[PDB]
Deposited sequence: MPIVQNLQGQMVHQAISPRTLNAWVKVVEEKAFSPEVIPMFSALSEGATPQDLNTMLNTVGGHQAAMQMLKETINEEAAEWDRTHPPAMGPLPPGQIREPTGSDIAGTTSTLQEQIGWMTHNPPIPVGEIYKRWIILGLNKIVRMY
C-alpha cells in the first residue's frame, strides 16, 4: 500500500488465503478482496494473489481474465506520441497496470501523480471481474 510504499501486512495475506480456502466464505471472497487491498499497488495485488497455494487452475483462469482486460485497456488507450519530456514516464499500458511490465517505482509514480493515474484501482477492477468468474465456477 501507499501510505511512501509500505509492505502489505502479513495477516492481510492471512485473511486472504483463509478466505480463499474455505467455501463458507465464497460470497465474501470479493468483498474481502476489496477490503484487504486498500491503497494496493499492482505489485501488492500480485503478491497477494500469488501467495495462495493449491488453487492453480483457478489462478490460471483469473490470469486469463486479467490478460483480456489488459488487452482491452490497450485497445482503448493507444500510447501517446513521444518523445517523453524529462522526468515523465509513459502512460501505463495494460501489462503495466497488471504489474507485469512495470516496476513498483513506476506504479508509485503513477499513483501519486497529480492528477493520479490510479493503476492499483484499475487493476483491482480487473481482478474483481476475474474473481466473479471463479466464484461462479470453482
**Prompt:** What gaps appear when the modelled C-alpha atoms are mapped onto the deposited sequence?
**Reply:** 1, 5-11
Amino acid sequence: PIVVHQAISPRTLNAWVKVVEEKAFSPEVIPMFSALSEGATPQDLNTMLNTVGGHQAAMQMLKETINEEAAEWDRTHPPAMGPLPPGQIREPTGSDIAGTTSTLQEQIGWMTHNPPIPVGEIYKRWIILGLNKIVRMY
From here on, numbers count along this sequence of modelled residues.
**Message:** Quick check on the record: does 48-56 or 73-81 carry the larger mean Cα temperature factor?
**Reply:** 48-56
**Asked** Comparing 126-134 with 112-120, which has the greater mean CA B-factor as deposited?
**Response** 112-120
**Request:** Please work out which residue in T101, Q88, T41, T65 has the highest C-alpha B-factor recorded for this crystal structure.
**Result:** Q88
**Message:** Considering every modelled residue of the chain and its Cα B-factor in the PDB entry, is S26 in the lowest, middle or highest third?
**Reply:** highest
**Fill in**
Binned into thirds over the chain's modelled residues, the C-alpha B-factor of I97 lands in the lowest
